[PDB]
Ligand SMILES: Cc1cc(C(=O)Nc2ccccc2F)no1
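For reference, the chain that follows is the form solved without this ligand, supplied as structure tokens.
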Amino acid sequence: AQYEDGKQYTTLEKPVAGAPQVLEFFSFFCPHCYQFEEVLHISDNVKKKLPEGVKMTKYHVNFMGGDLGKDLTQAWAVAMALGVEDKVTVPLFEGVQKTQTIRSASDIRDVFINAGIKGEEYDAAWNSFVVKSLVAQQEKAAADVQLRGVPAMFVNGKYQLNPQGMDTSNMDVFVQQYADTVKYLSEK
């Protein structure tokens, strides 16, 4: 076959019931995640190949960057709670990996202030139980699939993307292979 379990994707031995359709994990400390988001725009090319109005879900993970990595997961919860993902994804990646000016929770917050989120709004969300459950949801989702590496994408709790079995001589070909596989998997 042209798509085979073990090549473009792997199949989970313990399926995850009731999982989100397209579920993507990343870390703002992850160099490959910087690439997927800044250079390759994986998330966005995937969305463009799925049925309109499908649920793409993206979660931060804790297992990179120690204390600040956990801070970043709470800020991703804030971002999600306020719907400002599109405003802070780029500054956050660049602050962690490009300028390396994100060294503390205060520096994370600066990204939001600079992005135009009011301090009161940020601090209120940061400290809210809505954000605390949304941290919990990100952690639970990662736990369900026993996630030890990012970037990572899962379709319907059954299929994991295997980008190691795809061609990287061309950034655009790689992306489309990736997006086409997600689409094929979502139709299975």
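In case it trips you up, residue 1 is the first one in the sequence shown, and so on.
What comes next is about the form solved in complex with this ligand, which is not displayed.
With a 4.5 Å cutoff on heavy atoms, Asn45 does not count as touching this ligand in the deposited complex; it lies far away.
Under a 4.5 angstroms non-hydrogen atom cutoff, this ligand in the deposited complex lacks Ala125 among its neighbouring residues.
Remark: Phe112 does not count among the residues lining this ligand in the deposited complex, judged by a heavy atom distance of 4.5 Å or less. Although the partner is absent here, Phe26 lies within 4.5 Å of this ligand in the deposited complex, judged by heavy atoms.
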